[PDB]
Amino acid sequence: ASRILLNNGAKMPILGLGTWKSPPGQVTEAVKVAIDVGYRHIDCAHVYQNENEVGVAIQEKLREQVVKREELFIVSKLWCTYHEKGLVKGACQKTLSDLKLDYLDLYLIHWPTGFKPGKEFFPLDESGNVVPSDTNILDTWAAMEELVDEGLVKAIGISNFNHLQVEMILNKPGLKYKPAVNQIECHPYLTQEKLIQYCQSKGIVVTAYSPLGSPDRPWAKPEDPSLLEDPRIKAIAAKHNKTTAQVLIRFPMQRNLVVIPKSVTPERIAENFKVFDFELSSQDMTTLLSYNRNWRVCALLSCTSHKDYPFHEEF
């Protein structure tokens, strides 16, 4: 099946297009091509600085009669500098305005950490520490719930939450909406077995981000492992007459995850969608899972002292 059922009765496409690091000058075409070749889920965020240009593409394809709004599944995320209850609606509305939409299909708390409100996405003190805000997970969640009640978003969820942070929300007496999704880094070097088991057992759908290992992440080092160039994964791909990227995208799909590979390269956008015509074997799945090294690429040292930093916990 190409979609997975969420807790609001809506269906979410299991394959979406990522947009982090898709430059504004290049992302409109990426999204147009993606829609043309069958993508219906686009993963966005205010912090990606390109929601206007994503919105332009969506608008263009709506006007061309290529898709209708109901067929699209548009995700965005509340940035860390907007966790204060009084800032959440405006942040969501800014995203809606930029995307030229009147609702989101899913809106996520981007990270559990609140940062000092202000213009800078990563406010630092003079010694390089992120400056936190006096906000907490439960109050931010309550503000997210209001967005559903007001019709701005159809579902809400979380991202980069560890299991204890998810538990905090789940256990709130007076909870109005359970998180529908937890979006987390997941690939063969960070397989997330425990957090995936936890979320799936709690009826929360997991989305795998950086499924190709985010080789374009701005802090990558030459000595860092590289999934796309891993000769072992290349061998699995060759056996299936597929590319390594296609294997890396199919992998989470077979774990009942949603997956959101990013590209701005039209050939790759098309390639990455051609993952519904083959199956990884039981041995392939076992082999890929065996490559786990707990090698997390997506974190930021300057955030490690934040009270709500998610990655001190085992999972």
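Just so we're on the same page, rigid core means the largest C-alpha set that superposes within 1.5 Å between forms. Quick note: we count residues from 1 along the sequence shown, nothing fancier.
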property: More shifted region, core-based fit in 4 other deposited structures of this protein, 235-243 vs 119-127 by CA; result: 119-127
property: Divergent stretch in 4 other deposited structures of this protein, 279-287 or 256-264 [C-alpha RMS, superposed by the core]; result: 279-287
property: Greater mean Cα temperature factor according to the PDB record, 19-27 or 294-302; result: 294-302
property: Residue stretch of maximal mean CA temperature factor, 165-173 vs 217-225; result: 217-225
property: Most elevated Cα B-factor in the entry, residues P117, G157, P188, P112; result: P117
property: Options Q183, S133, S127, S76 - largest CA temperature factor per the record; result: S127
property: Among modelled residues of the same chain, the CA temperature factor third for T207; result: lowest
property: Lowest, middle or highest third - CA B-factor, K262; result: lowest
property: Chain-relative CA temperature factor third for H41; result: lowest
property: For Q246, the third of its chain into which the C-alpha B factor falls; result: middle
property: Third of the chain's Cα B-factor distribution that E51 belongs to, per the entry; result: lowest
